[PDB]
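Only one structure is covered here, and it is reproduced in the block below.
Along the sequence shown, residues are numbered consecutively beginning with 1. Start at 1 and go down the list; that is how both ligands and their atoms are numbered.
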Amino acid sequence: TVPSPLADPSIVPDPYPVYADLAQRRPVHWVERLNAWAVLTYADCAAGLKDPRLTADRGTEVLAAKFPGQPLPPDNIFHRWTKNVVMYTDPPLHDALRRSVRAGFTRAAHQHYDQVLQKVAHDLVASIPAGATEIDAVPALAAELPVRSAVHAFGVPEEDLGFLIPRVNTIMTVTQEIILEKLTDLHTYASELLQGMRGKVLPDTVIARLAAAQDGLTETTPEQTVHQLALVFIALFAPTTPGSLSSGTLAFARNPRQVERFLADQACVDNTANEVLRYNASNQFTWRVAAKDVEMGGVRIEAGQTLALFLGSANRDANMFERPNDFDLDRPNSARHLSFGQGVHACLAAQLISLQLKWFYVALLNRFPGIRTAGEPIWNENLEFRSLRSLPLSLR
Ligand code: HEB
(Lines give C-alpha, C1' and ligand atoms only; values in the text may rest on other atoms or scores of the structure.)
Protein backbone atom coordinates (compact mmCIF):
# COMPACT_ATOMS: atom_id res chain seq x y z
CA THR A 1 0.00 0.00 0.00
CA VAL A 2 2.94 2.33 -0.69
CA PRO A 3 1.60 5.65 -2.06
CA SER A 4 2.91 6.93 -5.42
CA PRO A 5 4.94 10.15 -5.90
CA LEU A 6 2.46 10.83 -8.67
CA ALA A 7 -0.98 11.66 -7.21
CA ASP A 8 0.59 14.40 -4.99
CA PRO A 9 0.31 17.96 -6.44
CA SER A 10 3.88 19.02 -5.55
CA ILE A 11 5.15 17.36 -8.74
CA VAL A 12 2.82 19.24 -11.13
CA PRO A 13 5.10 22.22 -11.99
CA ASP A 14 7.88 19.75 -12.98
CA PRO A 15 6.74 16.07 -13.01
CA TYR A 16 9.36 14.75 -15.45
CA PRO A 17 12.20 13.83 -13.06
CA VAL A 18 9.59 12.01 -10.94
CA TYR A 19 8.35 10.19 -14.05
CA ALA A 20 11.98 9.20 -14.67
CA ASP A 21 12.60 8.00 -11.11
CA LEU A 22 9.50 5.82 -11.27
CA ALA A 23 10.07 4.65 -14.86
CA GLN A 24 13.53 3.36 -13.93
CA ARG A 25 12.18 0.80 -11.46
CA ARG A 26 8.36 0.83 -11.68
CA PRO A 27 7.20 1.64 -15.27
CA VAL A 28 3.83 0.09 -14.43
CA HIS A 29 2.66 0.41 -10.83
CA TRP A 30 -0.38 1.00 -8.63
CA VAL A 31 -1.62 4.51 -7.94
CA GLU A 32 -3.79 4.49 -4.80
CA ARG A 33 -5.43 7.88 -5.42
CA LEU A 34 -6.13 7.32 -9.12
CA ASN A 35 -7.55 3.84 -8.46
CA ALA A 36 -5.41 2.85 -11.43
CA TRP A 37 -2.20 1.31 -12.73
CA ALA A 38 0.06 4.10 -13.94
CA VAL A 39 2.12 3.24 -17.02
CA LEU A 40 5.12 5.42 -17.87
CA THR A 41 7.29 4.17 -20.75
CA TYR A 42 6.72 5.13 -24.38
CA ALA A 43 6.54 1.51 -25.52
CA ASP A 44 3.86 0.48 -23.02
CA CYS A 45 1.82 3.67 -23.54
CA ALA A 46 1.76 3.31 -27.32
CA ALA A 47 0.97 -0.37 -26.81
CA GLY A 48 -1.83 0.63 -24.44
CA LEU A 49 -3.38 3.06 -26.90
CA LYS A 50 -3.30 0.54 -29.76
CA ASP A 51 -4.52 -2.48 -27.77
CA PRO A 52 -8.04 -3.83 -28.57
CA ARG A 53 -7.78 -5.49 -25.15
CA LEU A 54 -8.17 -2.21 -23.28
CA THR A 55 -11.60 -0.64 -23.72
CA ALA A 56 -12.37 3.07 -24.08
CA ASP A 57 -15.67 2.34 -22.34
CA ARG A 58 -14.51 3.86 -19.06
CA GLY A 59 -17.17 6.33 -17.89
CA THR A 60 -18.32 4.38 -14.83
CA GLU A 61 -14.74 3.66 -13.74
CA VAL A 62 -13.39 7.21 -14.21
CA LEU A 63 -16.50 8.68 -12.56
CA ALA A 64 -16.08 6.29 -9.64
CA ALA A 65 -12.48 7.48 -9.34
CA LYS A 66 -13.52 11.16 -9.46
CA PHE A 67 -16.79 10.97 -7.50
CA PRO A 68 -16.47 8.03 -5.05
CA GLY A 69 -19.71 6.48 -3.79
CA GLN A 70 -21.85 8.51 -6.19
CA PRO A 71 -23.01 6.11 -8.94
CA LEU A 72 -25.33 7.17 -11.77
CA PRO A 73 -28.16 5.11 -13.34
CA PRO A 74 -27.65 3.97 -16.98
CA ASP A 75 -30.24 6.42 -18.38
CA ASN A 76 -28.58 9.42 -16.73
CA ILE A 77 -27.19 12.02 -19.14
CA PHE A 78 -23.53 11.19 -18.40
CA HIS A 79 -23.97 7.56 -19.36
CA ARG A 80 -26.05 8.15 -22.51
CA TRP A 81 -23.39 10.68 -23.49
CA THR A 82 -20.45 8.32 -22.90
CA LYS A 83 -22.30 5.52 -24.71
CA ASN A 84 -22.87 7.72 -27.76
CA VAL A 85 -19.57 9.53 -28.46
CA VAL A 86 -16.24 8.52 -30.03
CA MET A 87 -14.22 9.17 -26.87
CA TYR A 88 -15.78 6.38 -24.79
CA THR A 89 -16.78 3.81 -27.41
CA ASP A 90 -15.01 0.89 -29.08
CA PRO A 91 -15.17 -0.32 -32.68
CA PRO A 92 -17.37 -0.76 -34.59
CA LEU A 93 -19.70 1.83 -32.96
CA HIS A 94 -16.76 4.20 -32.49
CA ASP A 95 -15.89 4.10 -36.19
CA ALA A 96 -19.44 4.94 -37.25
CA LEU A 97 -19.62 7.83 -34.79
CA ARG A 98 -16.22 9.02 -36.03
CA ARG A 99 -17.22 8.80 -39.69
CA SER A 100 -20.35 10.79 -38.89
CA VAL A 101 -18.26 13.91 -38.16
CA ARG A 102 -15.55 13.67 -40.84
CA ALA A 103 -17.21 16.42 -42.90
CA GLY A 104 -15.67 19.00 -40.58
CA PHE A 105 -12.20 17.48 -40.82
CA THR A 106 -11.58 16.79 -44.52
CA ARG A 107 -8.37 17.78 -46.33
CA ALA A 108 -10.23 20.66 -47.98
CA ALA A 109 -11.62 21.83 -44.64
CA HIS A 110 -8.10 21.96 -43.19
CA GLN A 111 -6.87 23.81 -46.28
CA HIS A 112 -9.40 26.48 -45.30
CA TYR A 113 -8.60 26.38 -41.57
CA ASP A 114 -4.95 27.01 -42.46
CA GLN A 115 -5.70 30.42 -43.97
CA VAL A 116 -8.28 31.28 -41.30
CA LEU A 117 -5.85 30.47 -38.47
CA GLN A 118 -2.97 32.33 -40.10
CA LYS A 119 -5.27 35.35 -40.12
CA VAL A 120 -6.61 34.96 -36.56
CA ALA A 121 -3.18 34.39 -35.03
CA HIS A 122 -1.68 37.38 -36.82
CA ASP A 123 -4.51 39.67 -35.72
CA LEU A 124 -4.26 38.46 -32.12
CA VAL A 125 -0.51 39.06 -31.82
CA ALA A 126 -0.73 42.32 -33.80
CA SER A 127 -3.39 43.59 -31.37
CA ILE A 128 -0.71 43.87 -28.65
CA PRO A 129 -0.06 47.62 -28.03
CA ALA A 130 3.24 48.81 -29.54
CA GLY A 131 4.81 49.89 -26.25
CA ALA A 132 3.73 46.92 -24.13
CA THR A 133 7.07 45.46 -22.85
CA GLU A 134 5.32 43.11 -20.38
CA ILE A 135 2.41 40.68 -20.60
CA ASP A 136 0.86 37.69 -18.88
CA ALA A 137 0.75 35.36 -21.86
CA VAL A 138 -1.84 33.08 -20.25
CA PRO A 139 -4.88 35.40 -20.22
CA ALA A 140 -3.61 37.65 -23.04
CA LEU A 141 -2.75 35.02 -25.66
CA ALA A 142 -2.98 31.36 -24.59
CA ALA A 143 -6.54 31.64 -23.28
CA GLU A 144 -7.61 33.97 -26.09
CA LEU A 145 -6.50 32.24 -29.31
CA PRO A 146 -8.49 28.99 -28.79
CA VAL A 147 -11.65 31.06 -28.28
CA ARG A 148 -11.08 32.98 -31.51
CA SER A 149 -10.26 29.74 -33.33
CA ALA A 150 -13.45 28.25 -31.90
CA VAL A 151 -15.47 31.05 -33.51
CA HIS A 152 -13.71 31.34 -36.87
CA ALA A 153 -12.49 27.77 -37.47
CA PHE A 154 -15.01 25.65 -35.55
CA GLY A 155 -18.02 27.93 -35.98
CA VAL A 156 -19.15 28.42 -32.42
CA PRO A 157 -21.21 31.62 -32.67
CA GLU A 158 -19.42 34.51 -30.91
CA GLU A 159 -22.61 35.65 -29.16
CA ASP A 160 -22.93 32.16 -27.65
CA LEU A 161 -19.47 32.14 -26.02
CA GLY A 162 -20.82 33.60 -22.79
CA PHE A 163 -23.13 30.60 -22.53
CA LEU A 164 -20.62 27.85 -23.32
CA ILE A 165 -17.36 28.82 -21.61
CA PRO A 166 -18.58 28.99 -17.99
CA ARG A 167 -20.36 25.65 -18.40
CA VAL A 168 -17.30 23.84 -19.79
CA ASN A 169 -15.23 25.53 -17.05
CA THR A 170 -17.66 24.18 -14.45
CA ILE A 171 -17.46 20.70 -15.99
CA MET A 172 -13.65 20.70 -16.20
CA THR A 173 -12.90 22.44 -12.87
CA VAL A 174 -18.45 21.81 -7.64
CA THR A 175 -21.23 19.26 -7.06
CA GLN A 176 -21.73 16.24 -9.34
CA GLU A 177 -25.37 17.26 -9.93
CA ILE A 178 -24.31 20.75 -11.06
CA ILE A 179 -21.89 19.18 -13.55
CA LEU A 180 -24.64 16.87 -14.83
CA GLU A 181 -26.90 19.91 -15.29
CA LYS A 182 -24.18 21.71 -17.24
CA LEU A 183 -23.71 18.68 -19.51
CA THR A 184 -27.46 18.70 -20.09
CA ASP A 185 -27.17 22.40 -20.98
CA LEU A 186 -24.51 21.52 -23.55
CA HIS A 187 -26.76 18.90 -25.14
CA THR A 188 -29.82 21.17 -25.30
CA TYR A 189 -27.66 23.96 -26.73
CA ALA A 190 -26.21 21.69 -29.43
CA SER A 191 -29.72 20.56 -30.35
CA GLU A 192 -31.10 24.10 -30.60
CA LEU A 193 -27.99 25.41 -32.39
CA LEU A 194 -28.40 22.89 -35.20
CA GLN A 195 -32.05 23.95 -35.56
CA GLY A 196 -30.97 27.58 -35.93
CA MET A 197 -32.50 28.50 -32.59
CA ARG A 198 -29.27 29.97 -31.19
CA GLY A 199 -26.35 32.00 -32.55
CA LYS A 200 -25.28 32.37 -36.17
CA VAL A 201 -22.78 29.74 -37.32
CA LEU A 202 -20.20 31.28 -39.65
CA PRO A 203 -19.86 29.44 -42.99
CA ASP A 204 -17.03 27.04 -43.98
CA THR A 205 -16.43 26.20 -40.31
CA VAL A 206 -16.42 22.79 -38.61
CA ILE A 207 -19.95 23.13 -37.24
CA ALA A 208 -21.25 24.48 -40.57
CA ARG A 209 -19.89 21.44 -42.42
CA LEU A 210 -21.25 19.16 -39.68
CA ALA A 211 -24.68 20.75 -39.90
CA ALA A 212 -24.82 20.53 -43.69
CA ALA A 213 -23.99 16.82 -43.49
CA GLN A 214 -26.80 15.86 -41.08
CA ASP A 215 -29.37 15.04 -43.79
CA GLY A 216 -26.83 12.74 -45.46
CA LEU A 217 -26.11 10.65 -42.35
CA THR A 218 -27.31 7.03 -42.48
CA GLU A 219 -25.59 4.97 -39.75
CA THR A 220 -25.99 7.43 -36.85
CA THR A 221 -28.82 9.38 -35.20
CA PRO A 222 -29.51 13.09 -34.54
CA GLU A 223 -29.26 12.24 -30.83
CA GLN A 224 -25.71 10.98 -31.42
CA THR A 225 -24.77 14.19 -33.25
CA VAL A 226 -26.05 16.10 -30.22
CA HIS A 227 -23.95 13.96 -27.85
CA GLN A 228 -20.80 14.31 -29.96
CA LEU A 229 -21.34 18.06 -30.33
CA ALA A 230 -21.47 18.31 -26.54
CA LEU A 231 -18.15 16.45 -26.43
CA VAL A 232 -16.74 18.85 -29.04
CA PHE A 233 -17.75 21.87 -26.95
CA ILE A 234 -16.08 20.40 -23.86
CA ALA A 235 -12.81 19.71 -25.69
CA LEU A 236 -13.01 23.10 -27.43
CA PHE A 237 -13.07 25.08 -24.20
CA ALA A 238 -10.92 22.73 -22.08
CA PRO A 239 -7.53 23.92 -20.72
CA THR A 240 -5.71 21.58 -23.13
CA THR A 241 -5.24 24.01 -26.04
CA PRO A 242 -4.35 27.04 -23.87
CA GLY A 243 -1.98 24.74 -21.96
CA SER A 244 -0.20 23.75 -25.16
CA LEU A 245 0.09 27.37 -26.31
CA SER A 246 1.41 28.62 -22.96
CA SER A 247 3.79 25.72 -22.34
CA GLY A 248 5.21 26.25 -25.83
CA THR A 249 5.56 29.99 -25.24
CA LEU A 250 7.45 29.17 -22.02
CA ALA A 251 9.63 26.68 -23.90
CA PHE A 252 10.61 29.37 -26.41
CA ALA A 253 11.05 31.93 -23.61
CA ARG A 254 13.68 29.66 -22.08
CA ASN A 255 15.27 28.63 -25.39
CA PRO A 256 16.57 31.62 -27.49
CA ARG A 257 18.55 29.29 -29.77
CA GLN A 258 15.32 27.56 -30.79
CA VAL A 259 13.79 30.99 -31.40
CA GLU A 260 16.50 31.77 -33.97
CA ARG A 261 16.31 28.22 -35.35
CA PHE A 262 12.60 28.95 -35.75
CA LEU A 263 13.14 32.26 -37.54
CA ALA A 264 15.84 30.89 -39.87
CA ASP A 265 14.64 27.46 -41.03
CA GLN A 266 11.15 26.50 -42.27
CA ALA A 267 11.74 22.91 -41.15
CA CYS A 268 11.80 24.10 -37.53
CA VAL A 269 8.60 26.09 -38.07
CA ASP A 270 6.85 23.05 -39.50
CA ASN A 271 8.09 20.87 -36.60
CA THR A 272 7.24 23.43 -33.90
CA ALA A 273 3.72 22.15 -33.16
CA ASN A 274 4.91 18.56 -32.68
CA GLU A 275 7.90 19.57 -30.57
CA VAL A 276 5.82 21.83 -28.30
CA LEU A 277 3.21 19.08 -27.91
CA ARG A 278 5.95 16.57 -27.14
CA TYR A 279 7.75 18.79 -24.61
CA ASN A 280 4.57 19.18 -22.55
CA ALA A 281 1.45 17.06 -23.00
CA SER A 282 -1.57 19.17 -22.02
CA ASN A 283 -3.29 15.90 -21.17
CA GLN A 284 -0.55 14.32 -19.02
CA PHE A 285 -2.44 11.03 -18.76
CA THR A 286 -5.53 9.44 -20.27
CA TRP A 287 -7.53 6.45 -19.04
CA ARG A 288 -8.29 2.89 -20.12
CA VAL A 289 -10.02 -0.16 -18.64
CA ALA A 290 -8.84 -3.75 -19.10
CA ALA A 291 -11.56 -5.74 -20.85
CA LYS A 292 -9.46 -8.80 -20.01
CA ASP A 293 -6.30 -9.51 -18.01
CA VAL A 294 -3.31 -7.84 -19.63
CA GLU A 295 0.39 -8.45 -18.95
CA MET A 296 2.25 -5.11 -18.96
CA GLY A 297 5.56 -3.82 -17.58
CA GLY A 298 5.96 -7.02 -15.59
CA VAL A 299 2.51 -6.67 -14.05
CA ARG A 300 -0.70 -8.70 -14.34
CA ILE A 301 -3.47 -6.10 -14.77
CA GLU A 302 -6.80 -7.78 -13.95
CA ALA A 303 -10.01 -7.43 -15.97
CA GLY A 304 -12.09 -4.43 -14.89
CA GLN A 305 -9.12 -2.57 -13.44
CA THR A 306 -8.30 0.99 -14.47
CA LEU A 307 -5.13 2.07 -16.31
CA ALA A 308 -3.59 5.55 -16.42
CA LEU A 309 -1.48 5.94 -19.57
CA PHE A 310 1.03 8.71 -18.89
CA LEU A 311 1.48 10.31 -22.32
CA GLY A 312 3.51 13.04 -20.64
CA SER A 313 6.07 10.50 -19.45
CA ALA A 314 6.13 8.70 -22.81
CA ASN A 315 6.87 12.00 -24.58
CA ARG A 316 10.10 12.19 -22.57
CA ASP A 317 11.22 8.56 -22.74
CA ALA A 318 14.91 8.63 -23.71
CA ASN A 319 14.38 5.25 -25.40
CA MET A 320 12.41 7.02 -28.14
CA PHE A 321 13.44 10.67 -28.04
CA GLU A 322 17.17 11.16 -27.43
CA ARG A 323 17.78 14.05 -25.00
CA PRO A 324 14.02 14.25 -24.32
CA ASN A 325 14.38 17.15 -21.87
CA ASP A 326 15.61 19.42 -24.66
CA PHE A 327 13.20 21.67 -26.57
CA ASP A 328 14.55 20.92 -30.06
CA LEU A 329 12.94 21.95 -33.38
CA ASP A 330 15.49 20.05 -35.50
CA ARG A 331 14.37 16.85 -33.79
CA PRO A 332 13.65 14.16 -36.42
CA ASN A 333 10.72 12.32 -34.83
CA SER A 334 8.68 14.84 -32.80
CA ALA A 335 5.63 13.61 -34.73
CA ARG A 336 5.78 10.39 -32.69
CA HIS A 337 4.60 12.17 -29.52
CA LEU A 338 1.51 10.80 -27.77
CA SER A 339 -0.04 14.14 -26.76
CA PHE A 340 -2.87 13.52 -29.24
CA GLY A 341 -3.06 9.85 -28.32
CA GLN A 342 -2.59 7.19 -30.98
CA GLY A 343 -4.54 4.85 -33.25
CA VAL A 344 -8.33 4.57 -33.01
CA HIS A 345 -8.95 7.52 -30.67
CA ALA A 346 -6.25 9.84 -32.02
CA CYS A 347 -7.34 13.44 -31.44
CA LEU A 348 -10.01 14.50 -33.96
CA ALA A 349 -8.65 18.07 -33.95
CA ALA A 350 -4.96 17.15 -34.21
CA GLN A 351 -4.34 18.96 -37.51
CA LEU A 352 -6.49 21.98 -36.59
CA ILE A 353 -4.67 22.37 -33.28
CA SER A 354 -1.28 21.88 -34.98
CA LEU A 355 -2.18 24.68 -37.40
CA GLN A 356 -3.29 26.93 -34.53
CA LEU A 357 -0.02 26.34 -32.67
CA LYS A 358 2.20 26.83 -35.72
CA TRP A 359 0.59 30.08 -36.77
CA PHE A 360 0.57 31.36 -33.18
CA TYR A 361 4.33 30.98 -32.86
CA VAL A 362 4.89 32.30 -36.39
CA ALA A 363 2.92 35.44 -35.51
CA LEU A 364 4.34 35.82 -31.99
CA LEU A 365 7.94 35.36 -33.13
CA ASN A 366 7.69 37.62 -36.18
CA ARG A 367 6.89 40.45 -33.76
CA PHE A 368 8.52 39.48 -30.44
CA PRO A 369 11.73 37.44 -31.00
CA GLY A 370 13.13 38.79 -27.75
CA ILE A 371 10.84 37.01 -25.29
CA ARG A 372 11.95 36.27 -21.74
CA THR A 373 10.20 35.13 -18.58
CA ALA A 374 9.69 38.01 -16.15
CA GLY A 375 9.05 36.16 -12.91
CA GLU A 376 8.26 32.51 -12.18
CA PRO A 377 5.66 30.77 -14.37
CA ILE A 378 2.81 29.46 -12.21
CA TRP A 379 1.13 26.12 -12.93
CA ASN A 380 -2.39 24.98 -12.09
CA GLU A 381 -2.90 22.44 -9.31
CA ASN A 382 -3.97 19.62 -11.64
CA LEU A 383 -1.78 17.01 -13.35
CA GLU A 384 -4.37 15.34 -15.60
CA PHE A 385 -5.14 18.61 -17.36
CA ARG A 386 -1.85 20.37 -16.69
CA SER A 387 -1.56 24.01 -17.69
CA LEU A 388 0.04 27.33 -16.79
CA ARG A 389 -2.08 29.72 -14.74
CA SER A 390 0.35 32.60 -15.21
CA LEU A 391 3.19 33.21 -17.67
CA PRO A 392 4.71 36.69 -17.14
CA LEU A 393 6.69 37.65 -20.23
CA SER A 394 8.82 40.59 -21.33
CA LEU A 395 8.03 41.12 -25.03
CA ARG A 396 10.92 43.40 -26.07
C1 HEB B 1 -12.85 19.16 -31.82
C2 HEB B 1 -12.55 19.52 -30.58
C3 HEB B 1 -11.23 19.16 -30.00
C4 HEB B 1 -10.12 20.05 -29.64
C5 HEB B 1 -10.01 21.55 -29.77
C6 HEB B 1 -9.14 19.06 -29.10
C7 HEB B 1 -7.81 19.47 -28.61
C8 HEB B 1 -6.79 18.65 -27.93
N9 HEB B 1 -6.90 17.31 -27.80
FE10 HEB B 1 -8.45 16.07 -28.46
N11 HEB B 1 -10.06 14.85 -29.02
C12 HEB B 1 -11.25 15.22 -29.55
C13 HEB B 1 -11.61 16.61 -29.84
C14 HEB B 1 -10.77 17.80 -29.64
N15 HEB B 1 -9.53 17.76 -29.12
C16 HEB B 1 -12.20 14.12 -29.83
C17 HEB B 1 -13.59 14.21 -30.42
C18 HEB B 1 -11.45 12.93 -29.40
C19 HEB B 1 -11.89 11.49 -29.43
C20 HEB B 1 -11.52 10.86 -30.76
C21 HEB B 1 -12.00 9.43 -30.77
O22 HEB B 1 -12.30 8.88 -29.69
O23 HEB B 1 -12.06 8.84 -31.88
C24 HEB B 1 -10.17 13.51 -28.92
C25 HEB B 1 -9.08 12.66 -28.39
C26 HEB B 1 -7.83 13.10 -27.74
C27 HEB B 1 -6.90 12.14 -27.10
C28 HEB B 1 -7.02 10.64 -26.97
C29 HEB B 1 -7.44 10.31 -25.55
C30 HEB B 1 -7.67 8.82 -25.43
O31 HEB B 1 -7.32 8.09 -26.38
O32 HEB B 1 -8.19 8.37 -24.39
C33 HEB B 1 -5.83 13.01 -26.61
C34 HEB B 1 -4.58 12.60 -25.87
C35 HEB B 1 -6.27 14.36 -27.04
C36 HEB B 1 -5.48 15.57 -26.75
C37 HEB B 1 -5.79 16.95 -27.13
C38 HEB B 1 -4.87 18.06 -26.79
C39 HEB B 1 -3.56 17.95 -26.05
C40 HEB B 1 -5.56 19.24 -27.34
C41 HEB B 1 -5.16 20.70 -27.32
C42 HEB B 1 -3.71 20.92 -27.70
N43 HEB B 1 -7.44 14.39 -27.70
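With ligand atoms numbered from 1 in the order given, ligand 1 contributes 23 (O) to contacts under 4.0 Å with heavy atoms of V344. Within ligand 1, counting atoms from 1 as listed, the ones closer than 4.0 Å to a heavy atom of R98 are 20 (C), 21 (C), 23 (O). Close approach to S282 involves these atoms of ligand 1, each under 4.0 Å from a residue heavy atom: 39 (C). Less than 4.0 angstrom separates some heavy atom of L231 from each of these atoms of ligand 1: 17 (C). Which parts of ligand 1 touch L311 is read off a 4.0 Å heavy-atom cut-off, strictly below it: atoms 34 (C).
Contact annotation: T89 has no heavy atom less than 4.0 Å from any atom of ligand 1.
Because its NZ or CZ atom is not both nearer than 6.0 Å to the ring centre of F368 and within 45° of the ring axis, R396 does not count as a cation-pi partner of that residue.
In the candidate list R288, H337, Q342, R288 is nearest to atom 31 (O) of ligand 1, counting heavy atoms.
Counting protein heavy atoms only, atom 29 (C) of ligand 1 is closest to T286 OG1, 3.7 Å. The protein atom (non-hydrogen) at minimum distance from atom 1 (C) of ligand 1 is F154 CE2, 3.3 Å. Looking at atom 42 (C) of ligand 1, its nearest protein heavy atom turns out to be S244 OG, 3.2 Å. Of the protein's heavy atoms, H94 NE2, 3.3 Å lies nearest to atom 21 (C) of ligand 1. What sits closest to atom 28 (C) of ligand 1 on the protein, heavy atoms only, is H345 O, 3.4 Å. The nearest protein atom to atom 34 (C) of ligand 1, hydrogens excluded, is given as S339 O, 3.2 Å; this is a heavy-atom distance. Counting only heavy atoms of the protein, atom 18 (C) of ligand 1 lies nearest to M87 CE, 3.7 Å.
Note on atom 10 (Fe) of ligand 1: protein N, O or S atoms under 2.8 Å away count 1, no waters included.
Ring geometry, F105 versus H110: the interplanar angle falls from 30° to 60°, so the pair is classed tilted.
As a member of the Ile/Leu/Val/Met/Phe/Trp/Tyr network built from side-chain separations under 4.5 Å, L217 groups with nothing else and remains a singleton.
Side-chain contact check for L393 versus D136: every heavy-atom pair is 4.5 Å or farther apart. The shortest side-chain heavy-atom distance between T205 and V201 falls under the 4.5 Å cut-off. Under the 4.5 Å side-chain criterion, counting only non-hydrogen atoms from C-beta, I135 is in contact with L141.
Counting heavy atoms closer than 4.0 Å to ligand 1, residue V85 contributes nothing at all. Contact annotation: for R58 versus ligand 1, heavy atoms closer than 4.0 Å belong to the side chain alone.
Looking at residues two or more places apart in sequence or on another chain, you find a side-chain hydrogen bond (donor to acceptor under 3.5 Å, both in side chains) between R331 and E275. Partners of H152 under the side chain to side chain contact (heavy atoms under 4.5 Å, CB included) rule, at least two apart in sequence or in another chain, are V116, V120, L202.
Residue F233 is tested with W81, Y189, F163 for a ring pair (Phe, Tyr, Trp, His ring centres under 6.0 Å); the sole match is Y189.
One N or O on the side chain of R367 and one on the backbone of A126 form a donor-acceptor pair closer than 3.5 Å. For the pair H345 (side chain) and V86 (backbone), a donor-acceptor distance under 3.5 Å is present. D317 contributes no side-chain N or O that, together with a main-chain N or O of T41, makes up a donor-acceptor pair within less than 3.5 Å.
Below 3.5 Å of separation, one finds an N or O of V86 facing an N or O of ligand 1.
Remark: aromatic rings of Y19 and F310 are close, center separation under 6.0 Å.
Using a 4.0 Å cut-off between charged nitrogen and carboxylate oxygen, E384 and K66 count as a salt-bridge pair.
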